Amino acid sequence: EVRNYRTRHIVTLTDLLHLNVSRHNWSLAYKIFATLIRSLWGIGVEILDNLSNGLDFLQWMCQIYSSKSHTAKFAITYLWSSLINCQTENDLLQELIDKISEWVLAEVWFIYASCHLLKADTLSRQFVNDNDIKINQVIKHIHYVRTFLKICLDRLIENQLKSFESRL
Amino acid sequence: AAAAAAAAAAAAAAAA
Amino acid sequence: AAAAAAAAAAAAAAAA
Amino acid sequence: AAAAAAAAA
Amino acid sequence: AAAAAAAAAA
Amino acid sequence: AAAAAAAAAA
Amino acid sequence: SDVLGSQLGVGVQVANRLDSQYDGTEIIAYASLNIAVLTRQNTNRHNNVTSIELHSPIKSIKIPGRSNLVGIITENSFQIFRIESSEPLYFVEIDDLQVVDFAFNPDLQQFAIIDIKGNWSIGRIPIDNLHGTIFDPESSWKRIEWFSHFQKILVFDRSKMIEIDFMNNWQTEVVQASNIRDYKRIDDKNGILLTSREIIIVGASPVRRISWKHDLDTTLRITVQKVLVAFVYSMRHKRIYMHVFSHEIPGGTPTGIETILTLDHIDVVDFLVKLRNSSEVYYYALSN
Amino acid sequence: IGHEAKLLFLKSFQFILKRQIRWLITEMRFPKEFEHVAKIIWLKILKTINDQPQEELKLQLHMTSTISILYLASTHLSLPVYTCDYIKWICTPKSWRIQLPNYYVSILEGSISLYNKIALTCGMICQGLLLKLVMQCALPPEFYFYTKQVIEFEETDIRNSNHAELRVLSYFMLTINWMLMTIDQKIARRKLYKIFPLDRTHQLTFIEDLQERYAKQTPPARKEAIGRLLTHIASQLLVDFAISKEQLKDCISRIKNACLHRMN
Amino acid sequence: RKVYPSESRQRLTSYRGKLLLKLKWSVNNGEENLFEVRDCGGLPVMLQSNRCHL
C-alpha cells in the first residue's frame, strides 16, 4: 500500500503547496517548496514572481533540462518573461531567440518579431529629439522597421509600426 | 492514511 | 504494582 | 489541579 | 482546565 | 518530558 | 401544451450530463470519457460533429454565457474548452477525486464545482486558481444552482441542502430523511425545487413547502424553465415530468425507454434535452 | 551474499537494525542495563529460528520484529511504554553485502521503526497507563481511581484473543462512558547538475518544516453530550495508538458482555 | 551547451558545427507533403564567423 511516513508526507506537502498558492505564503512557499524538492515547477516559477526576496533564474534552469528530442511547454513561457522583464543588454536576448528558432524549425518567430519592435519604439523617440541630426539613426530605424515587417509577413501591428516611423 | 494521521498527531504533540 | 500505587497519586488527586 | 500537583512533584 | 493540562504536557 | 523524568527516576 | 420528440442522439454511452447551445443548434452529451457534440440543425445527422475526450464518466458540462467556452467535470481535473474557430483551453486540477456538478457565475468569472468530498470549490477562470471552498456537507455535493439575485448559492448533497452567501459562509440548511440528487432555483425567485423520490418545492426563507409525488424512483435531475413558470424533473423510473411553478400541477409527462439521468432546457424554453440509461439523448420540442 | 550467502547478508542487516535500538535508546537516557537485556533476547530467538536445520530462513515486517523485542524488553524491565508509544518514536557505515542482497530480503530488512499486524506479531512471540489516559481524559483522579477499581474487579469477576492492553483500554472506555535560511532554487540546480554527472533518504529537517507549517495555520442534552465525548475519544484513541476502529469496538463489546454475565 | 573554439584546440578534435537539413516529401503530384527536420551531419565552422560564438 502507501508508504509509511514518506508517501503520506509527500501527498500532504503537495496539498499544503496548493494551499500556499491559493493564499500567498511567501514563507510557506519557500519552506514548502524546499520540502517538496525531496516534470512540473510552474508553482515554483509562480512563487518566485508572486513573492520576491529577481524571479528570472529558476525558469531558465527548468527550460534548460530535457531539451534533446504543441512545441515545448517549459520554454514558450521563458521567452515571454524576458521581453516583459526588459520592458542588461537586449540584443543578446534577440540572439538567443534566433538560436532557439534555428534549433527548432505560437511559433517563437512571432515573439522574436515582437521583441525587435520594442527596440524600434525606443529608437523612434530618441531619434525624434533635437538634443538636430539628418542621417544615422533615421536610416538605422528605417532598416529595423523593414526587418520587423519581413518577419511578421512570413493589421494592428503594422499600423503601429507606421505611426512609430512617422514620429521618429 | 493512517500513517498520515499519526504524523499529524505527532506534529500536534510537538507543537503542544 | 508500584505504578498502581503511584497512580500518593490518589491522595494528590483528592486534594486537587 | 491534579496536573499542577504532578508538576510540583 | 483542559487548556492548562495541555500546556503542562508540552 | 514528564515521562522521561519518571524513567530517569526509576 | 405537450412535448414532441424531434431527435435522438446515439451517444452509445449512459448520458450523465447534457447541455444545449445558445439560438442553440448543437447539443452536447456527456458519456463515458467523452463529450459528444451534435448539430441538431441538421435533421439526417446520425453522428456527432465533434468529440472531446475529457476523462472517465462525465458528470457535468456547462457552457459559459456567451457560449464560447465549455467546462467539463468528472474526475480530478476539470477541462475547459474553447469552442471558437474546440480544443482544450485549460485544465483545473483539484484534490477531490470527482466532481458531481458545476455552476457558472452570472459574470462568467467563477466556476463552482461540486466535489465528492462534499466541498464546494470556487475557481477563478481567467488564474485557474481555487479562490475559496465552502465545506459543510459531510458527503458528496450532488447538485447546485444560483439564486436569481446571484447573491446566494444553493447546493444539495447526500441528505442535506445548504444555502451559501457569495461572500462566504452558509446561511441555512435543510435536513431530509433522503439523499438529494438534484435541485433548481426558480428564476423568478422564492422557490427551490429539490429532487429526491419526492420532489419538494421549498419556499425560500417560508416554512411551507409543496411536495409532489409523480416518481415511482429517485429523481435524478431537475431544471426550471427560464420563463420559472414551470420546471421538469427526471427519474430513475424512466419518466420526465413537467410541472407548474410552485404548487407542481402536472403539465405533461413523457415516458422514456430507460432511466432519465440528466436534462437541460434551451435558453427560449423551446427545447428540452434528456439523457438516458439507454445510452442516448432525446431532444424534445416544447409546444405552446 | 549468495544463496546461503544471501541469507547471511540479510541477517547482518537485521543485526545493524538492532544498532538502531542502540542509537535510539542511548539518545533516550534509559538504563544501559537495557543493552544487556536487549543482547540476551536477540540471541535466544534468532538462533532458534536458525536452529531448525538450514530450512527456509525467515521474513518479517522486519521493522516490527525488532520493535516487538524492544517493547518486550520494556515489559520485563518495568519501563512504562505502550505499543502506541513505540509508534511515536518511529516517526522521529553499511556493508556491501547489503547492496548485494536478495531483492526480497533486502526489502524486508528495509528501514524505519495495516492496524491489525503490529498487535498480532507481539502476541505471537496499570500504573504506567494512568498518566497518559488521565491526561487525555482530563480527569483529576476521580476517573482514574474508579477505572482502576473496575478493571481489578473485572479481572477478579473475570469477565475477562486480544492482549491485556487491549482489554484494559477497552474497559477504561466502558467505565468512562458511563460515569454516574533557505537554499533556494540554487539547490535544485546543483542537484540536477550532479545527476547529469554520476551520483551516489529522509532527515529531520522534514519534521521541523511540518511542525512550523502546522503552527502557522498549517495542518437528553447531558446524556447526548456525554455520548458524543466518549465517541470522540474512541476515534482519537485509535489514531494515537496507531491502531483501528474495527479492532477496538469489537473488543470493547466483548468485554462489556463478559462483565454483564459475571454480574448477573 | 555552448562550446568555445578554444576547447577544440586542447581536445585535438574538429570544431564541427551542427547542420540542420529539412526535406520536402511530395508524392502523387504533391497532394500531401511532409517536412522533416533532420541532422545533416557535422561540418567544420570557420572561427570568428557568423556561425561561431566569437
# chains A, B, ... in the order shown; residues from 1 in each chain; ligands from 1

$ select_by_dssp --residues "chain A" --states "helix (DSSP H, G or I)" --output "ChimeraX atom specification"
/A:5-22,26-37,42-50,57-64,75-86,90-103,109-128,136-153,156-167

$ calpha_fit_and_write --fixed "chain E" --moving "chain F" --output "tab-separated table (two decimals) with N, CA, C and O atoms, in the first residue's frame"
chain	number	residue	atom	x	y	z
F	1	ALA	N	-9.22	24.44	32.14
F	1	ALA	CA	-8.50	23.37	32.84
F	1	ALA	C	-7.77	22.49	31.82
F	1	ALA	O	-6.59	22.16	31.99
F	2	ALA	N	-8.52	22.12	30.80
F	2	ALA	CA	-8.02	21.27	29.71
F	2	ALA	C	-6.80	21.92	29.05
F	2	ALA	O	-5.78	21.27	28.82
F	3	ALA	N	-6.96	23.20	28.77
F	3	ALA	CA	-5.92	24.02	28.14
F	3	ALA	C	-4.65	24.00	28.99
F	3	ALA	O	-3.54	23.80	28.47
F	4	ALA	N	-4.86	24.20	30.27
F	4	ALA	CA	-3.78	24.22	31.27
F	4	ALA	C	-3.02	22.89	31.24
F	4	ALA	O	-1.78	22.87	31.22
F	5	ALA	N	-3.80	21.83	31.24
F	5	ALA	CA	-3.27	20.45	31.21
F	5	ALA	C	-2.39	20.26	29.98
F	5	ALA	O	-1.28	19.71	30.07
F	6	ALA	N	-2.92	20.71	28.86
F	6	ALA	CA	-2.24	20.61	27.56
F	6	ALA	C	-0.89	21.33	27.62
F	6	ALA	O	0.14	20.79	27.17
F	7	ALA	N	-0.94	22.52	28.18
F	7	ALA	CA	0.25	23.38	28.34
F	7	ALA	C	1.31	22.65	29.16
F	7	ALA	O	2.50	22.62	28.79
F	8	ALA	N	0.85	22.07	30.25
F	8	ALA	CA	1.70	21.31	31.18
F	8	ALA	C	2.40	20.17	30.44
F	8	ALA	O	3.61	19.96	30.58
F	9	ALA	N	1.60	19.46	29.67
F	9	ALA	CA	2.06	18.32	28.86
F	9	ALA	C	3.17	18.76	27.91
F	9	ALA	O	4.22	18.11	27.80
F	10	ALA	N	2.90	19.87	27.25
F	10	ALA	CA	3.83	20.48	26.29
F	10	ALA	C	5.17	20.78	26.97
F	10	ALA	O	6.24	20.47	26.43

$ calpha_fit_rmsd --fixed "chain C" --moving "chain B"
2.5 Å

$ residues_around --residues "residue G:75" --least-positions-apart "3" --cutoff "12 Å" --atoms "only C-alpha atoms" --output "PyMOL selection string"
chain G and resi 32-33+54-60+72+78-79+91-101+113-116

$ atom_distance --atom1 "atom CA of residue H:151" --atom2 "atom CA of residue H:264"
17.2 Å

$ interface_residues --of "chain D" --to "chain C" --cutoff "9 Å" --atoms "only C-alpha atoms" --output "VMD selection string"
chain D and resid 1 to 6

$ write_last_selection --atoms "N, CA, C and O atoms" --output "PDB file, in the first residue's frame"
ATOM      1  N   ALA D   1      -5.952  20.756  38.468  1.00  0.00           N
ATOM      2  CA  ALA D   1      -5.368  20.737  39.816  1.00  0.00           C
ATOM      3  C   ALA D   1      -4.376  19.578  39.942  1.00  0.00           C
ATOM      4  O   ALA D   1      -3.252  19.751  40.437  1.00  0.00           O
ATOM      5  N   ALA D   2      -4.832  18.430  39.481  1.00  0.00           N
ATOM      6  CA  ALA D   2      -4.045  17.189  39.503  1.00  0.00           C
ATOM      7  C   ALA D   2      -2.736  17.387  38.735  1.00  0.00           C
ATOM      8  O   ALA D   2      -1.654  17.016  39.214  1.00  0.00           O
ATOM      9  N   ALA D   3      -2.883  17.969  37.560  1.00  0.00           N
ATOM     10  CA  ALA D   3      -1.758  18.254  36.661  1.00  0.00           C
ATOM     11  C   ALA D   3      -0.731  19.138  37.371  1.00  0.00           C
ATOM     12  O   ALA D   3       0.479  18.870  37.331  1.00  0.00           O
ATOM     13  N   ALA D   4      -1.258  20.172  38.001  1.00  0.00           N
ATOM     14  CA  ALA D   4      -0.450  21.148  38.748  1.00  0.00           C
ATOM     15  C   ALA D   4       0.355  20.439  39.835  1.00  0.00           C
ATOM     16  O   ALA D   4       1.563  20.677  39.995  1.00  0.00           O
ATOM     17  N   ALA D   5      -0.349  19.583  40.555  1.00  0.00           N
ATOM     18  CA  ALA D   5       0.230  18.792  41.653  1.00  0.00           C
ATOM     19  C   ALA D   5       1.395  17.952  41.132  1.00  0.00           C
ATOM     20  O   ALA D   5       2.476  17.911  41.739  1.00  0.00           O
ATOM     21  N   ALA D   6       1.132  17.301  40.015  1.00  0.00           N
ATOM     22  CA  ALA D   6       2.111  16.432  39.343  1.00  0.00           C
ATOM     23  C   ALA D   6       3.370  17.231  39.002  1.00  0.00           C
ATOM     24  O   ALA D   6       4.499  16.780  39.256  1.00  0.00           O
TER      25      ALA D   6
END

$ closest_atom_pairs --of "chain H" --to "chain B" --cutoff "8 Å" --atoms "only C-alpha atoms" --output "tab-separated table"
residue	atom	partner	partner_atom	distance
H:88	CA	B:10	CA	6.8
H:91	CA	B:7	CA	6.9
H:207	CA	B:11	CA	7.8
H:210	CA	B:11	CA	7.0
H:211	CA	B:11	CA	5.4
H:214	CA	B:11	CA	7.4
H:215	CA	B:15	CA	6.8
H:219	CA	B:8	CA	7.3
H:239	CA	B:6	CA	6.4
H:240	CA	B:6	CA	6.4
H:242	CA	B:6	CA	6.5

$ interface_residues --of "chain H" --to "chain D" --cutoff "10 Å" --atoms "only C-alpha atoms" --output "NGL selection string"
:H and (131 or 134-135 or 138-141)

$ interface_residues --of "chain A" --to "chain G" --cutoff "10 Å" --atoms "only C-alpha atoms" --output "list in words"
residues 14, 15, 18, 19, 21, 22 and 23 of chain A

$ write_last_selection --atoms "C-alpha atoms" --output "PDB file, in the first residue's frame"
ATOM      1  CA  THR A  14       1.733  18.830  -2.181  1.00  0.00           C
ATOM      2  CA  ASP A  15      -1.648  19.700  -0.682  1.00  0.00           C
ATOM      3  CA  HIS A  18      -1.556  24.094  -3.303  1.00  0.00           C
ATOM      4  CA  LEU A  19      -2.972  25.882  -0.263  1.00  0.00           C
ATOM      5  CA  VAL A  21      -0.514  29.104  -3.899  1.00  0.00           C
ATOM      6  CA  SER A  22      -4.189  29.786  -3.185  1.00  0.00           C
ATOM      7  CA  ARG A  23      -3.145  32.162  -0.410  1.00  0.00           C
TER       8      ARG A  23
END

$ residues_around --residues "residue G:188" --least-positions-apart "4" --cutoff "10 Å" --atoms "only C-alpha atoms" --output "short mmCIF file (atom, residue, chain, number, x, y, z; two decimals) with N, CA, C and O atoms, in the first residue's frame"
data_model
loop_
_atom_site.label_atom_id
_atom_site.label_comp_id
_atom_site.auth_asym_id
_atom_site.auth_seq_id
_atom_site.Cartn_x
_atom_site.Cartn_y
_atom_site.Cartn_z
N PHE G 147 -28.95 31.66 -6.92
CA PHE G 147 -30.10 32.44 -6.57
C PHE G 147 -30.34 33.37 -7.72
O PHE G 147 -29.41 33.67 -8.48
N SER G 148 -31.58 33.84 -7.91
CA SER G 148 -31.88 34.69 -9.04
C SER G 148 -31.07 35.94 -8.93
O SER G 148 -30.61 36.48 -9.93
N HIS G 149 -30.88 36.44 -7.69
CA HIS G 149 -30.15 37.66 -7.45
C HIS G 149 -28.70 37.44 -7.72
O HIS G 149 -27.97 38.40 -7.98
N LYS G 226 -36.66 28.91 -18.21
CA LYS G 226 -36.14 30.23 -17.99
C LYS G 226 -37.26 31.17 -17.62
O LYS G 226 -37.07 32.08 -16.81
N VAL G 227 -38.45 30.95 -18.20
CA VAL G 227 -39.60 31.80 -18.08
C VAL G 227 -40.03 31.90 -16.67
O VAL G 227 -40.12 32.97 -16.08
N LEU G 228 -39.38 29.58 -15.26
CA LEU G 228 -39.81 29.96 -13.96
C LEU G 228 -41.26 29.61 -13.84
O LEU G 228 -41.72 29.29 -12.75
N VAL G 229 -42.00 29.58 -14.97
CA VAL G 229 -43.39 29.23 -14.97
C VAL G 229 -43.53 27.76 -14.71
O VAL G 229 -44.53 27.30 -14.15
N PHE G 245 -45.10 26.10 -11.81
CA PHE G 245 -44.28 26.76 -10.81
C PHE G 245 -44.91 26.65 -9.42
O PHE G 245 -46.12 26.78 -9.27
#

$ interface_residues --of "chain H" --to "chain F" --cutoff "12 Å" --atoms "only C-alpha atoms" --output "list in words"
residues 25, 27, 28, 29, 30, 31, 32, 74, 77, 78, 79, 80, 81, 85, 127, 128, 129, 130, 131 and 132 of chain H

$ write_last_selection --atoms "N, CA and C atoms" --output "PDB file, in the first residue's frame"
ATOM      1  N   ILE H  25      17.919   4.211  22.019  1.00  0.00           N
ATOM      2  CA  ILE H  25      17.954   4.054  23.467  1.00  0.00           C
ATOM      3  C   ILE H  25      18.937   4.983  24.169  1.00  0.00           C
ATOM      4  N   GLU H  27      20.013   7.795  22.996  1.00  0.00           N
ATOM      5  CA  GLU H  27      19.563   9.146  22.819  1.00  0.00           C
ATOM      6  C   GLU H  27      18.582   9.434  23.915  1.00  0.00           C
ATOM      7  N   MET H  28      17.959   8.342  24.362  1.00  0.00           N
ATOM      8  CA  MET H  28      16.983   8.294  25.463  1.00  0.00           C
ATOM      9  C   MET H  28      17.377   8.660  26.918  1.00  0.00           C
ATOM     10  N   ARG H  29      18.574   8.289  27.393  1.00  0.00           N
ATOM     11  CA  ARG H  29      18.844   8.206  28.849  1.00  0.00           C
ATOM     12  C   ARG H  29      17.932   7.233  29.624  1.00  0.00           C
ATOM     13  N   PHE H  30      18.011   5.965  29.237  1.00  0.00           N
ATOM     14  CA  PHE H  30      17.258   4.894  29.868  1.00  0.00           C
ATOM     15  C   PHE H  30      18.258   4.104  30.700  1.00  0.00           C
ATOM     16  N   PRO H  31      18.077   2.780  30.774  1.00  0.00           N
ATOM     17  CA  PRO H  31      19.066   2.038  31.559  1.00  0.00           C
ATOM     18  C   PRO H  31      20.008   1.281  30.629  1.00  0.00           C
ATOM     19  N   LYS H  32      21.311   1.483  30.801  1.00  0.00           N
ATOM     20  CA  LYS H  32      22.300   0.814  29.964  1.00  0.00           C
ATOM     21  C   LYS H  32      22.182  -0.687  30.171  1.00  0.00           C
ATOM     22  N   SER H  74      11.022  -3.826  27.507  1.00  0.00           N
ATOM     23  CA  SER H  74      10.454  -2.865  28.411  1.00  0.00           C
ATOM     24  C   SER H  74       9.481  -3.525  29.342  1.00  0.00           C
ATOM     25  N   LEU H  77      11.452  -5.107  32.274  1.00  0.00           N
ATOM     26  CA  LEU H  77      12.198  -4.102  32.978  1.00  0.00           C
ATOM     27  C   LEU H  77      11.301  -3.178  33.725  1.00  0.00           C
ATOM     28  N   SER H  78      10.018  -3.128  33.342  1.00  0.00           N
ATOM     29  CA  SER H  78       9.068  -2.289  34.005  1.00  0.00           C
ATOM     30  C   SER H  78       9.260  -0.844  33.672  1.00  0.00           C
ATOM     31  N   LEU H  79       9.799  -0.564  32.491  1.00  0.00           N
ATOM     32  CA  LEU H  79       9.626   0.743  31.876  1.00  0.00           C
ATOM     33  C   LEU H  79       8.159   0.916  31.514  1.00  0.00           C
ATOM     34  N   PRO H  80       7.621   2.133  31.682  1.00  0.00           N
ATOM     35  CA  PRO H  80       6.238   2.313  31.248  1.00  0.00           C
ATOM     36  C   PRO H  80       6.176   2.840  29.823  1.00  0.00           C
ATOM     37  N   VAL H  81       5.840   1.951  28.894  1.00  0.00           N
ATOM     38  CA  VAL H  81       5.729   2.285  27.481  1.00  0.00           C
ATOM     39  C   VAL H  81       4.617   1.456  26.856  1.00  0.00           C
ATOM     40  N   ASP H  85       2.970   4.117  21.994  1.00  0.00           N
ATOM     41  CA  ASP H  85       4.119   4.948  22.338  1.00  0.00           C
ATOM     42  C   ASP H  85       5.301   4.640  21.420  1.00  0.00           C
ATOM     43  N   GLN H 127      -0.199   1.187  36.461  1.00  0.00           N
ATOM     44  CA  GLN H 127       0.279   2.500  36.789  1.00  0.00           C
ATOM     45  C   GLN H 127       0.832   3.172  35.571  1.00  0.00           C
ATOM     46  N   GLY H 128       1.414   2.402  34.635  1.00  0.00           N
ATOM     47  CA  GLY H 128       2.058   3.017  33.508  1.00  0.00           C
ATOM     48  C   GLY H 128       1.105   3.822  32.666  1.00  0.00           C
ATOM     49  N   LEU H 129      -0.084   3.270  32.362  1.00  0.00           N
ATOM     50  CA  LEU H 129      -1.071   3.871  31.503  1.00  0.00           C
ATOM     51  C   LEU H 129      -1.712   5.072  32.135  1.00  0.00           C
ATOM     52  N   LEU H 130      -1.782   5.097  33.472  1.00  0.00           N
ATOM     53  CA  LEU H 130      -2.575   6.046  34.205  1.00  0.00           C
ATOM     54  C   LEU H 130      -2.289   7.455  33.791  1.00  0.00           C
ATOM     55  N   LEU H 131      -1.010   7.850  33.681  1.00  0.00           N
ATOM     56  CA  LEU H 131      -0.756   9.239  33.423  1.00  0.00           C
ATOM     57  C   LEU H 131      -1.328   9.654  32.103  1.00  0.00           C
ATOM     58  N   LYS H 132      -1.043   8.893  31.034  1.00  0.00           N
ATOM     59  CA  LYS H 132      -1.459   9.319  29.730  1.00  0.00           C
ATOM     60  C   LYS H 132      -2.940   9.328  29.608  1.00  0.00           C
TER      61      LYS H 132
END

$ residues_around --residues "residue G:231" --least-positions-apart "5" --cutoff "9 Å" --atoms "only C-alpha atoms" --output "NGL selection string"
:G and (184 or 186 or 193 or 222-226 or 241-245 or 248)

$ atom_distance --atom1 "atom CA of residue H:144" --atom2 "atom CA of residue H:261"
24.3 Å

$ atom_distance --atom1 "atom CA of residue A:152" --atom2 "atom CA of residue A:166"
19.6 Å
